[PDB]
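*Asks:* Next up, entry38.cif (mmCIF, C-alpha atoms).
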data_final
#
loop_
_atom_site.label_atom_id
_atom_site.label_comp_id
_atom_site.auth_asym_id
_atom_site.auth_seq_id
_atom_site.Cartn_x
_atom_site.Cartn_y
_atom_site.Cartn_z
CA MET A 1 1.30 -23.59 -68.51
CA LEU A 2 3.42 -20.76 -69.93
CA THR A 3 5.64 -18.14 -68.34
CA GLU A 4 3.71 -14.87 -68.17
CA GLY A 5 5.04 -12.13 -70.48
CA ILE A 6 7.28 -14.37 -72.65
CA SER A 7 6.59 -13.70 -76.31
CA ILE A 8 8.53 -14.96 -79.29
CA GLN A 9 7.79 -13.66 -82.76
CA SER A 10 8.06 -15.83 -85.84
CA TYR A 11 9.06 -15.37 -89.53
CA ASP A 12 5.53 -14.23 -90.49
CA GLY A 13 4.85 -11.99 -87.48
CA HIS A 14 2.87 -14.66 -85.58
CA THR A 15 3.73 -14.49 -81.89
CA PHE A 16 3.59 -17.22 -79.29
CA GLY A 17 4.35 -17.78 -75.63
CA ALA A 18 6.63 -20.27 -73.94
CA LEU A 19 7.42 -21.92 -70.63
CA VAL A 20 10.91 -20.78 -69.64
CA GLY A 21 13.30 -22.12 -66.98
CA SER A 22 16.31 -19.97 -66.22
CA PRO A 23 19.49 -21.88 -65.42
CA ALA A 24 20.78 -22.55 -61.88
CA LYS A 25 24.02 -20.69 -62.90
CA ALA A 26 24.85 -18.35 -65.77
CA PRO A 27 25.96 -18.79 -68.47
CA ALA A 28 24.40 -22.01 -69.71
CA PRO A 29 23.42 -23.55 -73.01
CA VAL A 30 19.69 -23.26 -73.72
CA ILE A 31 17.54 -26.16 -74.79
CA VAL A 32 14.42 -25.50 -76.88
CA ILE A 33 11.94 -28.26 -76.04
CA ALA A 34 9.49 -29.23 -78.80
CA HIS A 35 6.34 -30.63 -77.12
CA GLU A 36 4.17 -33.68 -77.82
CA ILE A 37 0.72 -33.59 -79.36
CA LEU A 38 -0.72 -32.34 -76.01
CA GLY A 39 0.79 -28.81 -75.85
CA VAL A 40 2.76 -27.37 -72.94
CA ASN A 41 1.49 -29.66 -70.22
CA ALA A 42 2.76 -31.42 -67.04
CA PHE A 43 5.33 -33.48 -68.97
CA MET A 44 6.73 -30.25 -70.40
CA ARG A 45 6.91 -28.68 -66.92
CA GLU A 46 8.80 -31.85 -65.80
CA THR A 47 11.15 -31.67 -68.78
CA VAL A 48 11.99 -27.98 -68.22
CA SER A 49 12.69 -28.74 -64.52
CA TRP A 50 14.87 -31.74 -65.39
CA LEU A 51 17.02 -29.86 -67.88
CA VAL A 52 17.51 -26.97 -65.43
CA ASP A 53 18.61 -29.51 -62.79
CA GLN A 54 21.16 -30.86 -65.34
CA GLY A 55 22.78 -27.46 -65.97
CA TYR A 56 20.72 -26.02 -68.89
CA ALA A 57 18.27 -23.23 -69.43
CA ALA A 58 15.07 -24.36 -71.16
CA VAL A 59 12.44 -22.84 -73.46
CA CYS A 60 9.26 -24.76 -74.39
CA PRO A 61 7.29 -22.77 -77.01
CA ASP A 62 3.54 -22.85 -77.48
CA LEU A 63 3.52 -24.57 -80.90
CA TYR A 64 -0.26 -24.82 -81.08
CA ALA A 65 -0.71 -21.03 -80.81
CA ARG A 66 -1.52 -20.72 -84.57
CA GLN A 67 -4.57 -22.88 -83.80
CA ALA A 68 -5.45 -22.37 -80.10
CA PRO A 69 -3.06 -20.46 -77.75
CA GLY A 70 -2.31 -21.99 -74.37
CA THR A 71 -3.19 -25.64 -75.20
CA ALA A 72 -2.14 -27.86 -72.26
CA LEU A 73 -3.91 -31.19 -72.39
CA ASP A 74 -3.88 -34.03 -69.87
CA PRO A 75 -3.42 -37.40 -71.61
CA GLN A 76 -5.37 -39.13 -68.75
CA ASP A 77 -8.59 -37.54 -70.04
CA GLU A 78 -10.29 -38.99 -73.15
CA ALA A 79 -11.85 -35.62 -74.07
CA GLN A 80 -8.40 -33.95 -73.92
CA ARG A 81 -6.71 -36.74 -75.92
CA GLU A 82 -9.36 -36.27 -78.61
CA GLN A 83 -8.61 -32.53 -78.68
CA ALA A 84 -4.88 -33.37 -79.01
CA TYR A 85 -5.43 -35.67 -81.98
CA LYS A 86 -7.66 -33.03 -83.67
CA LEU A 87 -4.93 -30.35 -83.21
CA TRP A 88 -2.19 -32.66 -84.47
CA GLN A 89 -4.15 -33.60 -87.54
CA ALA A 90 -4.48 -29.88 -88.49
CA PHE A 91 -0.91 -29.00 -87.46
CA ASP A 92 1.15 -27.11 -90.04
CA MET A 93 4.55 -28.77 -89.87
CA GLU A 94 6.44 -26.16 -91.90
CA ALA A 95 5.03 -23.36 -89.69
CA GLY A 96 6.08 -25.49 -86.68
CA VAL A 97 9.66 -25.65 -87.97
CA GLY A 98 9.53 -21.82 -88.42
CA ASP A 99 8.26 -21.30 -84.93
CA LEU A 100 10.97 -23.53 -83.47
CA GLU A 101 13.59 -21.66 -85.53
CA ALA A 102 12.28 -18.42 -84.02
CA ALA A 103 12.44 -19.98 -80.53
CA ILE A 104 16.06 -21.09 -81.18
CA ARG A 105 17.08 -17.52 -82.26
CA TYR A 106 15.34 -16.22 -79.11
CA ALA A 107 17.13 -18.79 -76.94
CA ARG A 108 20.54 -17.95 -78.41
CA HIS A 109 20.26 -14.33 -77.23
CA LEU A 110 18.91 -14.93 -73.71
CA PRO A 111 21.05 -13.03 -71.10
CA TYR A 112 22.43 -16.27 -69.55
CA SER A 113 23.00 -18.07 -72.88
CA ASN A 114 26.55 -19.37 -73.48
CA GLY A 115 25.73 -19.03 -77.22
CA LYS A 116 24.97 -22.73 -77.71
CA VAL A 117 21.40 -23.98 -78.30
CA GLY A 118 20.08 -27.57 -78.39
CA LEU A 119 16.63 -28.88 -79.33
CA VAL A 120 14.87 -31.83 -77.61
CA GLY A 121 11.51 -32.95 -79.09
CA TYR A 122 9.02 -35.62 -78.08
CA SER A 123 6.22 -37.15 -80.20
CA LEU A 124 5.07 -34.30 -82.54
CA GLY A 125 8.26 -32.55 -81.39
CA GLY A 126 10.42 -35.57 -82.18
CA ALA A 127 9.37 -35.32 -85.86
CA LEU A 128 9.91 -31.53 -85.84
CA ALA A 129 13.38 -32.16 -84.32
CA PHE A 130 14.50 -34.01 -87.49
CA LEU A 131 13.14 -31.22 -89.70
CA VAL A 132 14.95 -28.60 -87.63
CA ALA A 133 18.16 -30.72 -87.77
CA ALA A 134 17.87 -30.68 -91.60
CA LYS A 135 17.58 -26.88 -91.64
CA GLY A 136 20.73 -26.50 -89.53
CA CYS A 137 19.89 -23.58 -87.20
CA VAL A 138 20.54 -25.64 -84.03
CA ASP A 139 23.82 -26.93 -82.54
CA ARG A 140 22.50 -30.42 -81.59
CA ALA A 141 18.97 -31.93 -81.89
CA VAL A 142 17.30 -34.82 -80.03
CA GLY A 143 14.03 -36.45 -81.04
CA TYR A 144 12.07 -39.03 -79.02
CA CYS A 145 9.40 -41.13 -80.75
CA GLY A 146 8.75 -38.98 -83.84
CA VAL A 147 6.15 -40.28 -86.35
CA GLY A 148 6.73 -40.38 -90.10
CA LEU A 149 10.57 -40.19 -90.17
CA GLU A 150 10.51 -42.83 -92.92
CA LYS A 151 8.88 -40.23 -95.23
CA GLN A 152 11.67 -37.65 -94.69
CA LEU A 153 14.69 -39.70 -95.80
CA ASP A 154 15.50 -37.20 -98.59
CA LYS A 155 16.56 -34.82 -95.81
CA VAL A 156 19.21 -37.14 -94.35
CA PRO A 157 22.11 -35.63 -96.39
CA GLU A 158 20.97 -32.08 -95.39
CA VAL A 159 21.79 -32.70 -91.69
CA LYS A 160 25.07 -30.89 -90.94
CA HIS A 161 25.17 -30.93 -87.11
CA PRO A 162 24.64 -33.87 -84.71
CA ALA A 163 21.17 -35.27 -84.09
CA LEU A 164 20.10 -38.11 -81.85
CA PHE A 165 16.81 -40.10 -82.09
CA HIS A 166 15.18 -42.54 -79.64
CA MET A 167 12.59 -44.92 -81.05
CA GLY A 168 10.48 -47.66 -79.43
CA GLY A 169 10.86 -51.17 -80.90
CA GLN A 170 7.12 -51.81 -80.28
CA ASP A 171 5.91 -48.46 -81.60
CA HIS A 172 2.86 -49.12 -83.81
CA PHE A 173 3.64 -45.88 -85.64
CA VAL A 174 6.94 -47.45 -86.77
CA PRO A 175 6.32 -51.02 -88.04
CA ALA A 176 9.21 -53.24 -89.26
CA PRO A 177 9.53 -51.92 -92.87
CA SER A 178 9.49 -48.28 -91.60
CA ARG A 179 12.13 -49.14 -88.97
CA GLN A 180 14.30 -50.73 -91.67
CA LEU A 181 13.93 -47.69 -93.95
CA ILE A 182 14.83 -45.28 -91.13
CA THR A 183 17.72 -47.48 -89.89
CA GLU A 184 19.26 -47.78 -93.35
CA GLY A 185 18.64 -44.18 -94.45
CA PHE A 186 19.70 -42.45 -91.23
CA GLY A 187 22.72 -44.81 -91.09
CA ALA A 188 24.21 -43.15 -94.16
CA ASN A 189 25.01 -39.92 -92.28
CA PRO A 190 27.34 -40.38 -89.25
CA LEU A 191 26.01 -37.12 -87.77
CA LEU A 192 22.76 -39.00 -87.04
CA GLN A 193 22.17 -41.54 -84.30
CA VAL A 194 19.01 -43.57 -84.02
CA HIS A 195 18.60 -45.95 -81.06
CA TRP A 196 15.83 -48.55 -80.86
CA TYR A 197 14.45 -49.63 -77.54
CA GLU A 198 13.22 -53.21 -77.79
CA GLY A 199 10.06 -53.90 -75.80
CA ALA A 200 9.13 -50.20 -75.59
CA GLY A 201 6.10 -48.57 -77.21
CA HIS A 202 5.42 -45.16 -78.57
CA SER A 203 5.43 -43.04 -75.41
CA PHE A 204 8.02 -45.01 -73.48
CA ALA A 205 9.68 -41.93 -71.96
CA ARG A 206 6.51 -40.06 -70.93
CA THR A 207 6.16 -40.46 -67.14
CA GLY A 208 2.58 -41.58 -66.28
CA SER A 209 1.93 -43.11 -69.71
CA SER A 210 0.91 -46.78 -69.79
CA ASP A 211 3.67 -46.99 -72.44
CA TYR A 212 6.36 -45.83 -69.95
CA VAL A 213 9.26 -48.23 -69.52
CA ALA A 214 11.62 -47.13 -66.76
CA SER A 215 14.75 -48.89 -68.03
CA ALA A 216 14.31 -47.70 -71.61
CA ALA A 217 13.44 -44.16 -70.53
CA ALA A 218 16.52 -44.17 -68.25
CA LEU A 219 18.89 -45.25 -71.04
CA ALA A 220 17.39 -42.87 -73.61
CA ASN A 221 17.60 -39.98 -71.08
CA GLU A 222 21.20 -40.80 -70.06
CA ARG A 223 22.09 -40.82 -73.77
CA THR A 224 20.34 -37.45 -74.24
CA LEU A 225 22.25 -35.87 -71.38
CA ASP A 226 25.62 -37.22 -72.57
CA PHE A 227 24.82 -35.95 -76.08
CA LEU A 228 23.90 -32.44 -74.84
CA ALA A 229 26.79 -32.13 -72.35
CA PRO A 230 29.33 -30.87 -74.95
CA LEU A 231 27.21 -27.68 -75.28
CA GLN A 232 28.04 -26.83 -71.63
CA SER A 233 30.92 -24.41 -71.02
#
Will you turn the file into structure tokens for me?
*Replies:*
Amino acid sequence: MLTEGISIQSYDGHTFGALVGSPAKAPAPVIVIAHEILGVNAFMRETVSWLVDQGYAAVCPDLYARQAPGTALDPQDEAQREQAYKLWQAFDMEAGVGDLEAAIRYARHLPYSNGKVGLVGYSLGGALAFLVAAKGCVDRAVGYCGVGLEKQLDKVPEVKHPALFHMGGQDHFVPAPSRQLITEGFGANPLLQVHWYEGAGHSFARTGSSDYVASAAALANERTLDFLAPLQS
């Protein structure tokens, strides 16, 4: 689902839509939400609603629009999960970073913006959140359950603003050596935080997922909100 009429244009003239939640009161910091591999779906609607309830505005851009505008896949359905994996496999990560940077510039200038912008990413978006943190166009970045962080360690010293990451201890995408590499590498830069959630799998914060773990999701989400709160006026 996207908000009708919202259009953000990127570095290369590509345009894309977004689901937008205006804040309960103006002004407010704006959070750009980077979605999972399933597009702007029910979990994104939930996440927009949650952040608005917590005193933010929210913008969730259609990152798959370079491939298939308006993707919104239900992870309960095998056919739709297969489409998600096919889209992820083809996903251009550098163009994703560019599109998020465009969405962050757009968010900064919204009429109710207090001039501060955060980024919260999940899954595909959790990996993009690190890349965006390395580029420095956001005030604070959060990534849940990103894949492949252990291959981006050269970017650790490039991070110049705070970024927070939440990672499952039983995430098959992040086996023990990868966890050690991330823990040691990210540890070198005190602007980064990475928290591991023992007993929690890859999609531990996605409501409805068989991976969901209420206690771990609760702690990760509490940490996210405390980390974003300094952006509020």
*Asks:* I would like the residues chosen by the PyMOL selection byres ((chain A and resi 39) around 9) on the shown file; could you give them as a list in words?
*Replies:*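 Output of the PyMOL selection byres ((chain A and resi 39) around 9): residues 35, 36, 37, 38, 40, 41, 44, 61, 62, 63, 64, 70, 71, 72, 73 and 84 of chain A.
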*Asks:* Report, in Å to a single decimal, how far apart atom CA of residue A:136 and atom CA of residue A:50 are.
*Replies:* 25.4 Å
*Asks:* Hey, which of A:86, A:69, A:33, A:4 ends up closest to residue A:125? Count only C-alpha atoms.
*Replies:* A:33
*Asks:* Which residues are close to stretch 106-118 of chain A, i.e. within 7 Å by all atoms listed in the file, leaving aside same-chain residues fewer than 3 positions away? Reply as an mmCIF file with C-alpha atoms, in the frame of the given file.
*Replies:*
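Once everything was written out, this is out18.cif:
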data_model
loop_
_atom_site.group_PDB
_atom_site.id
_atom_site.type_symbol
_atom_site.label_atom_id
_atom_site.label_comp_id
_atom_site.auth_asym_id
_atom_site.auth_seq_id
_atom_site.Cartn_x
_atom_site.Cartn_y
_atom_site.Cartn_z
ATOM 1 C CA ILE A 8 8.530 -14.960 -79.290
ATOM 2 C CA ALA A 26 24.850 -18.350 -65.770
ATOM 3 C CA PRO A 27 25.960 -18.790 -68.470
ATOM 4 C CA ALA A 28 24.400 -22.010 -69.710
ATOM 5 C CA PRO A 29 23.420 -23.550 -73.010
ATOM 6 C CA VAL A 30 19.690 -23.260 -73.720
ATOM 7 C CA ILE A 31 17.540 -26.160 -74.790
ATOM 8 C CA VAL A 32 14.420 -25.500 -76.880
ATOM 9 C CA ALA A 102 12.280 -18.420 -84.020
ATOM 10 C CA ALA A 103 12.440 -19.980 -80.530
ATOM 11 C CA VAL A 138 20.540 -25.640 -84.030
ATOM 12 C CA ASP A 139 23.820 -26.930 -82.540
ATOM 13 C CA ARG A 140 22.500 -30.420 -81.590
ATOM 14 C CA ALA A 141 18.970 -31.930 -81.890
ATOM 15 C CA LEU A 231 27.210 -27.680 -75.280
#
*Asks:* Please write the residues picked by the PyMOL selection byres ((chain A and resi 18-21) around 6) on this file as a list in words.
*Replies:*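 When the PyMOL selection byres ((chain A and resi 18-21) around 6) is applied to the shown file, the picked residues are residues 2, 3, 17, 22, 57, 58, 59, 60, 61 and 62 of chain A.
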*Asks:* Kindly save the residues from that selection, with C-alpha atoms included, as a PDB file, in the coordinates of the input.
*Replies:*
ATOM      1  CA  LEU A   2       3.420 -20.760 -69.930  1.00  0.00           C
ATOM      2  CA  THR A   3       5.640 -18.140 -68.340  1.00  0.00           C
ATOM      3  CA  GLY A  17       4.350 -17.780 -75.630  1.00  0.00           C
ATOM      4  CA  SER A  22      16.310 -19.970 -66.220  1.00  0.00           C
ATOM      5  CA  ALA A  57      18.270 -23.230 -69.430  1.00  0.00           C
ATOM      6  CA  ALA A  58      15.070 -24.360 -71.160  1.00  0.00           C
ATOM      7  CA  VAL A  59      12.440 -22.840 -73.460  1.00  0.00           C
ATOM      8  CA  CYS A  60       9.260 -24.760 -74.390  1.00  0.00           C
ATOM      9  CA  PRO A  61       7.290 -22.770 -77.010  1.00  0.00           C
ATOM     10  CA  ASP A  62       3.540 -22.850 -77.480  1.00  0.00           C
TER      11      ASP A  62
END
*Asks:* Here's a test: counting only C-alpha atoms, identify every protein, DNA and RNA residue with an atom at most 12 Å from (13.3, -39.3, -80.0) in the file's coordinate frame, and state them as an MDAnalysis selection string.
*Replies:* chainID A and resid 33:36 119:130 141:147 149 163:168 171 192:197 202:206 216:217 220:221 223:224
*Asks:* Report, in Å with one decimal, the straight-line distance from atom CA of residue A:87 to atom CA of residue A:211.
*Replies:*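 Atom CA of residue A:211 lies at a distance of 21.6 Å from atom CA of residue A:87.
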*Asks:* Just how far from atom CA of residue A:227 is atom CA of residue A:188, in Å to one decimal?
*Replies:* 19.5 Å
*Asks:* Counting all atoms listed in the file, which of A:151, A:219, A:161, A:75 gets nearest to residue A:190?
*Replies:*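 Smallest separation from residue A:190 among the options: A:161.
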*Asks:* Would you please work out which residue, of A:5, A:23, A:162, A:96, is nearest to residue A:228 when using only C-alpha atoms?
*Replies:*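 With only C-alpha atoms as the atom set, the closest residue is A:162.
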*Asks:* Return the single residue from A:92, A:42, A:68, A:98 that is closest to residue A:11, with distances computed using all atoms listed in the file.
*Replies:*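 The answer is A:98, which sits nearest to residue A:11.
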*Asks:* If you count only C-alpha atoms, which residues fall within 8 Å of residue A:160, apart from same-chain ones fewer than 3 positions away, as a PyMOL selection string?
*Replies:* chain A and resi 133-134+136+157+191
*Asks:* Find the residue from A:24, A:178, A:137, A:169 that sits nearest to residue A:152; use all atoms listed in the file when measuring.
*Replies:*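 Among the listed residues, the smallest separation from residue A:152 belongs to A:178.
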*Asks:* Between A:200, A:176, A:181, A:132, which is the closest to residue A:150 once you count all atoms listed in the file?
*Replies:*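 Of A:200, A:176, A:181, A:132, the one nearest residue A:150, counting all atoms listed in the file, is A:181.
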*Asks:* Written as a JSON list (two decimals) with C-alpha atoms, in the frame of the given file, which residues does the PyMOL selection byres ((chain A and resi 14) around 10) give for the file shown?
*Replies:*
[["chain", "number", "residue", "atom", "x", "y", "z"],
["A", 8, "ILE", "CA", 8.53, -14.96, -79.29],
["A", 9, "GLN", "CA", 7.79, -13.66, -82.76],
["A", 10, "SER", "CA", 8.06, -15.83, -85.84],
["A", 11, "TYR", "CA", 9.06, -15.37, -89.53],
["A", 12, "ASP", "CA", 5.53, -14.23, -90.49],
["A", 13, "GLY", "CA", 4.85, -11.99, -87.48],
["A", 15, "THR", "CA", 3.73, -14.49, -81.89],
["A", 16, "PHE", "CA", 3.59, -17.22, -79.29],
["A", 65, "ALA", "CA", -0.71, -21.03, -80.81],
["A", 66, "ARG", "CA", -1.52, -20.72, -84.57],
["A", 95, "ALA", "CA", 5.03, -23.36, -89.69],
["A", 99, "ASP", "CA", 8.26, -21.30, -84.93]]
*Asks:* Any chance you could model N, CA and C atoms for stretch 6-34 of chain A and send them as an mmCIF file, keeping the file's coordinate frame?
*Replies:*
data_model
loop_
_atom_site.group_PDB
_atom_site.id
_atom_site.type_symbol
_atom_site.label_atom_id
_atom_site.label_comp_id
_atom_site.auth_asym_id
_atom_site.auth_seq_id
_atom_site.Cartn_x
_atom_site.Cartn_y
_atom_site.Cartn_z
ATOM 1 N N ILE A 6 6.355 -13.878 -71.616
ATOM 2 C CA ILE A 6 7.280 -14.370 -72.650
ATOM 3 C C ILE A 6 6.564 -14.362 -74.003
ATOM 4 N N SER A 7 7.178 -13.722 -75.001
ATOM 5 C CA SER A 7 6.590 -13.700 -76.310
ATOM 6 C C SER A 7 7.704 -13.785 -77.332
ATOM 7 N N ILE A 8 7.582 -14.750 -78.236
ATOM 8 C CA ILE A 8 8.530 -14.960 -79.290
ATOM 9 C C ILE A 8 7.817 -14.678 -80.601
ATOM 10 N N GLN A 9 8.455 -13.915 -81.488
ATOM 11 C CA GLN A 9 7.790 -13.660 -82.760
ATOM 12 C C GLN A 9 8.445 -14.402 -83.905
ATOM 13 N N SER A 10 7.609 -14.941 -84.803
ATOM 14 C CA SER A 10 8.060 -15.830 -85.840
ATOM 15 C C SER A 10 8.293 -15.108 -87.191
ATOM 16 N N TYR A 11 8.689 -15.865 -88.201
ATOM 17 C CA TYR A 11 9.060 -15.370 -89.530
ATOM 18 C C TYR A 11 7.952 -14.513 -90.165
ATOM 19 N N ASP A 12 6.710 -14.836 -89.844
ATOM 20 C CA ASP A 12 5.530 -14.230 -90.490
ATOM 21 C C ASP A 12 4.767 -13.267 -89.564
ATOM 22 N N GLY A 13 5.413 -12.892 -88.466
ATOM 23 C CA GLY A 13 4.850 -11.990 -87.480
ATOM 24 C C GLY A 13 3.956 -12.637 -86.438
ATOM 25 N N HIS A 14 3.633 -13.920 -86.633
ATOM 26 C CA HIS A 14 2.870 -14.660 -85.580
ATOM 27 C C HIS A 14 3.652 -14.661 -84.304
ATOM 28 N N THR A 15 3.007 -14.417 -83.157
ATOM 29 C CA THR A 15 3.730 -14.490 -81.890
ATOM 30 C C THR A 15 3.138 -15.603 -81.014
ATOM 31 N N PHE A 16 3.993 -16.124 -80.161
ATOM 32 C CA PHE A 16 3.590 -17.220 -79.290
ATOM 33 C C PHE A 16 4.337 -17.162 -77.969
ATOM 34 N N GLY A 17 3.744 -17.771 -76.945
ATOM 35 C CA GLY A 17 4.350 -17.780 -75.630
ATOM 36 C C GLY A 17 5.209 -19.015 -75.426
ATOM 37 N N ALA A 18 5.760 -19.142 -74.230
ATOM 38 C CA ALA A 18 6.630 -20.270 -73.940
ATOM 39 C C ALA A 18 6.734 -20.436 -72.458
ATOM 40 N N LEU A 19 7.008 -21.670 -72.021
ATOM 41 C CA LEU A 19 7.420 -21.920 -70.630
ATOM 42 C C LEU A 19 8.929 -21.855 -70.601
ATOM 43 N N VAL A 20 9.458 -20.988 -69.758
ATOM 44 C CA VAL A 20 10.910 -20.780 -69.640
ATOM 45 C C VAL A 20 11.447 -21.139 -68.253
ATOM 46 N N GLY A 21 12.554 -21.892 -68.218
ATOM 47 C CA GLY A 21 13.300 -22.120 -66.980
ATOM 48 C C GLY A 21 14.686 -21.533 -67.109
ATOM 49 N N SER A 22 14.984 -20.564 -66.253
ATOM 50 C CA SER A 22 16.310 -19.970 -66.220
ATOM 51 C C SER A 22 17.266 -20.968 -65.568
ATOM 52 N N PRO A 23 18.558 -20.884 -65.911
ATOM 53 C CA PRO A 23 19.490 -21.880 -65.420
ATOM 54 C C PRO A 23 19.878 -21.643 -63.961
ATOM 55 N N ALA A 24 20.282 -22.701 -63.261
ATOM 56 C CA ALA A 24 20.780 -22.550 -61.880
ATOM 57 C C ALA A 24 21.976 -21.575 -61.801
ATOM 58 N N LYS A 25 22.872 -21.625 -62.796
ATOM 59 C CA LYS A 25 24.020 -20.690 -62.900
ATOM 60 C C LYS A 25 24.156 -20.175 -64.329
ATOM 61 N N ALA A 26 24.561 -18.920 -64.461
ATOM 62 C CA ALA A 26 24.850 -18.350 -65.770
ATOM 63 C C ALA A 26 26.355 -18.376 -66.017
ATOM 64 N N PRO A 27 26.786 -18.524 -67.280
ATOM 65 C CA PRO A 27 25.960 -18.790 -68.470
ATOM 66 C C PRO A 27 25.672 -20.285 -68.586
ATOM 67 N N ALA A 28 24.816 -20.631 -69.531
ATOM 68 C CA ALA A 28 24.400 -22.010 -69.710
ATOM 69 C C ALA A 28 23.949 -22.153 -71.139
ATOM 70 N N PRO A 29 24.072 -23.363 -71.716
ATOM 71 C CA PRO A 29 23.420 -23.550 -73.010
ATOM 72 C C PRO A 29 21.916 -23.622 -72.782
ATOM 73 N N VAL A 30 21.159 -23.295 -73.825
ATOM 74 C CA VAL A 30 19.690 -23.260 -73.720
ATOM 75 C C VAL A 30 19.155 -24.369 -74.587
ATOM 76 N N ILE A 31 18.205 -25.119 -74.035
ATOM 77 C CA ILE A 31 17.540 -26.160 -74.790
ATOM 78 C C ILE A 31 16.114 -25.732 -75.121
ATOM 79 N N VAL A 32 15.800 -25.689 -76.412
ATOM 80 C CA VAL A 32 14.420 -25.500 -76.880
ATOM 81 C C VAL A 32 13.769 -26.873 -76.855
ATOM 82 N N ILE A 33 12.638 -26.984 -76.164
ATOM 83 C CA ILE A 33 11.940 -28.260 -76.040
ATOM 84 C C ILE A 33 10.729 -28.197 -76.952
ATOM 85 N N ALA A 34 10.635 -29.148 -77.893
ATOM 86 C CA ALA A 34 9.490 -29.230 -78.800
ATOM 87 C C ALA A 34 8.490 -30.249 -78.232
#
